[PDB]
Amino acid sequence: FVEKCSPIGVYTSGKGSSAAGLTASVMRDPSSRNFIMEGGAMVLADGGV
DNA sequence: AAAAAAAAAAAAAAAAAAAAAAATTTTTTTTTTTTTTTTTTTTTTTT
């Protein structure tokens, strides 16, 4: 309910969700050399719950 | 001195050579980017 009720809200387990992380992870693309930041629950639910 | 004939001048039309003009997208390559994979190496877990 809290996840559905908060303006910004994400519900996740301790070990993250199915193909989603609990916290952000930064990687470097070998080809484009960009910094790809996979957003976990903590970063995705920024300013919310 | 004038008229008739001859010849020349001017002008216009036609032809030949030579310089000018017009027309003129498709096919193949290949580089970069992205993904895939094989091995090495590093980290984590277990005893």
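Worth knowing before you read on, the calculation uses all heavy atoms, side chains too, and leaves out hydrogens, waters and symmetry mates. Naming convention: chains lettered A, B, ... in sequence-line order (proteins, then strands); numbering from 1 in each chain.
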Query raised in the report: Which heavy-atom pair separates A:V10 from A:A45 by the least distance, and what is that distance?
Result: CG2-CB, 3.7 Å
Report summary line: In whole angstroms, the gap separating P of B:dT33 from CD1 of A:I36 amounts to 15 Å
Query raised in the report: Which atoms form the tightest heavy-atom contact between A:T12 and A:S17, and what is the distance?
Result: OG1-OG, 3.4 Å
Query - OP1 or OP2 of B:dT33 under 4.0 Å from side-chain N/O of A:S31 - result: no
Query raised in the report: Would B:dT24 and B:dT25 count as a stacked step, six-ring centres under 5.5 angstrom and planes under 30 degrees apart?
Result: no
Query raised in the report: Who pairs with A:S31 by side chain to side chain donor-acceptor pair (under 3.5 Å), at least two apart in sequence or on another chain?
Result: A:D29
Query raised in the report: Atom CG of A:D29 and atom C1' of B:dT33: how far apart are they, to the nearest Å?
Result: 10 Å
